[PDB]
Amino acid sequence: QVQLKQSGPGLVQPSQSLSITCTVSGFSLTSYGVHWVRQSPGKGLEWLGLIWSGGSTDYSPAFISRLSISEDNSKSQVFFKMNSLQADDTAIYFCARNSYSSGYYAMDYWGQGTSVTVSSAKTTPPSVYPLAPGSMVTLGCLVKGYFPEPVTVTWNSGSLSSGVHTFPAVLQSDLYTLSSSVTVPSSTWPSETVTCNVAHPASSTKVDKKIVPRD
């Protein structure tokens, strides 16, 4: 199966560099080239550059002064490196497969994306709080005061996926907060255990918070 797996940092200090590795499987880098693209609210989707089979590169004229793309065929790895990041480089960075070994073709498979925030504000882990009621029952978790984005939330390790609403984070004071709701039959809670699983990779945080009745 064709996959592009990205690895890289969530927080980059101003004027420092960003390195991301794209580890590919299900195909060879000598058979398919690889692109780098980013996505931000303010500028939409922007192509940064590519590497072809054989190692020849092409860069966007806006990024050529500070961007390097290279690879290791034996490891199925493409290396992205961009220098001197500033606030406006805050974005989700993607690698994506070229549909052929050479040429400008369509991007037919995409990595999962790496969220990158350019800031001098410091890594902060979330506080996770249970939301219990003060026939269906709605429960929740409040994930408060973290930095940078993102966090992930699951319920009972992904077993509860239907009836979940995880809300976009809101930003106050260089800190993000979001909530997640889950709705279950009242015959399942509180007689059975319900747990939200919160992850904040940038602070190496993993928290499980069981939802239990109040009082």
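In this text, residue numbers run from 1 along the sequence as written.
Participant: According to the PDB entry, how many deposited residues between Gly134 and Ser135 are absent from the model (none, 1 to 3, 4 to 9, 10 or more)?
Facilitator: In the record, 4 to 9 residues between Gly134 and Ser135 lack coordinates.
Participant: Can you let me know which of the two, 55-63 or 182-190, has the higher average C-alpha B-factor in the entry?
Facilitator: According to the PDB entry, the answer is 182-190.
Participant: Could you check the entry and say whether 120-128 or 90-98 has the higher mean CA B-factor?
Facilitator: On average, C-alpha B-factors are higher across 120-128.
Participant: Which of these has the highest Cα B-factor in the record: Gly33, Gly26, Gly49, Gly42?
Facilitator: So the option with the highest C-alpha B-factor is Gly42.
Participant: Taking the chain's C-alpha temperature factors as the reference, tell me which third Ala169 falls into: lowest, middle or highest.
Facilitator: According to the entry, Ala169 has a C-alpha B-factor in the chain's middle third.
Participant: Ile20's Cα B-factor: lowest, middle or highest third of the chain?
Facilitator: Lowest third of the chain for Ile20's C-alpha B-factor.
Participant: Once the chain's modelled residues are ordered by C-alpha B factor and cut into thirds, is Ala199 in the lowest, middle or highest one?
Facilitator: Answer is middle: the recorded C-alpha B-factor places it there.
Participant: What third of its chain's C-alpha B-factors does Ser157 belong to: lowest, middle or highest?
Facilitator: CA B-factor rank for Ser157: highest third.
Participant: Lowest, middle or highest third of the chain for the C-alpha temperature factor of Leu175?
Facilitator: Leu175: CA B-factor falls in the highest third of its chain.
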